[PDB]
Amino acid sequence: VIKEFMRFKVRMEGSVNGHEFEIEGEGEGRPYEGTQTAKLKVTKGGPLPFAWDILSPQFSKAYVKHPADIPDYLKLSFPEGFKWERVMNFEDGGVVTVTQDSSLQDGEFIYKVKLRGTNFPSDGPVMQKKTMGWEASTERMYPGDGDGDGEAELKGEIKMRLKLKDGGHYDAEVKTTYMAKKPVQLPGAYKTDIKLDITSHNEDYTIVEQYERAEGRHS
């Protein structure tokens, strides 16, 4: 059901320091090649009074290139799909939590994202829009119980680095649990290299285009 070319649709509802918003978007890519693009539109609550960059990594791990010796847990979860839950802890105290549901309907992926950002300084780089994109990341993947029910799924850990407009970087520690909706064979531990780029945007970041490349490899 996962073709060499696949489209997706995404909707995000969220709030950051109490500012509520909604985003709708579409994307496409080559799931076995590890490449994808997305175009997002702020449909409620725009222009956003915070950095787009804290949202960009929440808009698609079915598009990770895996070698044949790493079981592709998230691709194998389809057509039913998978869920993921994420916590990002930023170095100045900010917190972002996310829940996501991924399914396959009528030939395209459907992504439903819920996001809450809290504990951000009112004068910090996120609420003042003083960031300019993510450095490349390496996510450490490993089997484990992330939702506390005693049964293993797939976990990921990342140290992410956000570029600051004034120079230097703003770090976040990220933990994600990925849960297939049906029993799927789990891989052993491995690493995924990821780069997410903002490829275009309008003046107030109410229309934004993204490009991501991701590839798994042995540790």
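We number the residues from 1 along the sequence you see.
In the deposited sequence, the stretch from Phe59 to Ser60 hides 1 to 3 residues that have no coordinates. Legend: mean Cα B-factor per stretch from the PDB entry, 103-111 versus 80-88; the higher mean is in 103-111. Relative to one another, 16-24 and 201-209 have unequal mean CA B-factors, and 201-209 is the one with the higher figure. Placement of the Cα temperature factor of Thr37 within the chain: middle third of the modelled residues, per the deposited record.
Among the modelled residues of its chain, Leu48 has a C-alpha B-factor that falls in the highest third, as given in the PDB entry. Ranked by C-alpha B-factor against the other modelled residues of its chain, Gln128 falls in the highest third. Sort the chain's modelled residues by C-alpha temperature factor and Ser137 lands in the middle third, per the entry. Ranked by C-alpha B-factor against the other modelled residues of its chain, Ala152 falls in the lowest third.
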